[PDB]
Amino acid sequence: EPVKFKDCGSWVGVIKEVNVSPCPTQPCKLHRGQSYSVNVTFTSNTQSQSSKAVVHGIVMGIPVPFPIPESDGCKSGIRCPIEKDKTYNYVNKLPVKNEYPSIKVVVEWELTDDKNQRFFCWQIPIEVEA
C-alpha cells in the first residue's frame, strides 16, 4: 500500500510513491520474522552508472544501520545506467528479524548515485511487534 512519508533530502530524484506491503493501516506495523515488500517509484533528475541503497533504523532516537538483502540499486529493479528524466521502481525487501526488539522505529531509506547524491531519501514511522 502507498504510505505517508517524509522526504529527508531527495536531490537528484523525485519521489512519486513509497509502497510498503502488506501495510493496511499506518504507521505500518511489522511483525518480527516477516519481510515486507518495498516499492519506491521515483523520477531521476540525472544519470548514473551505479546506485547504492543505505537504510537506517532510528531506534530510541539513534539511527542504526538496517540490514537489507541487496544494497546495489542496479540489482533492485533499476535497469542501469540510470538516465535523466526516466521513472524507476526501486524494489527490495525490508526484513524484520525475529531478534529485533518490539518498539517504534523510524525507517530511513536512501538511494545514492556515482557522486553519493541522493536519488531519494525518505522516512516512515513503523511499529515492530511479535
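Residue positions are given as counts along the sequence shown, with the first one as 1.
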**Message:** Which is higher on mean Cα B factor in this entry, 89-97 or 74-82?
**Reply:** 74-82
**Item:** Selected stretch [higher average CA B-factor]: 25-33 or 43-51
**Value:** 43-51
**Prompt:** Sorting the chain's CA B-factors, does residue 1 end up in the lowest, middle or highest third?
**Reply:** lowest
**Asked** Going by the entry, which third of its chain does the Cα temperature factor of residue 61 land in?
**Response** highest
**Asked** In terms of the CA temperature factor given in the entry, to which third of its chain does residue 112 belong: lowest, middle or highest?
**Response** middle
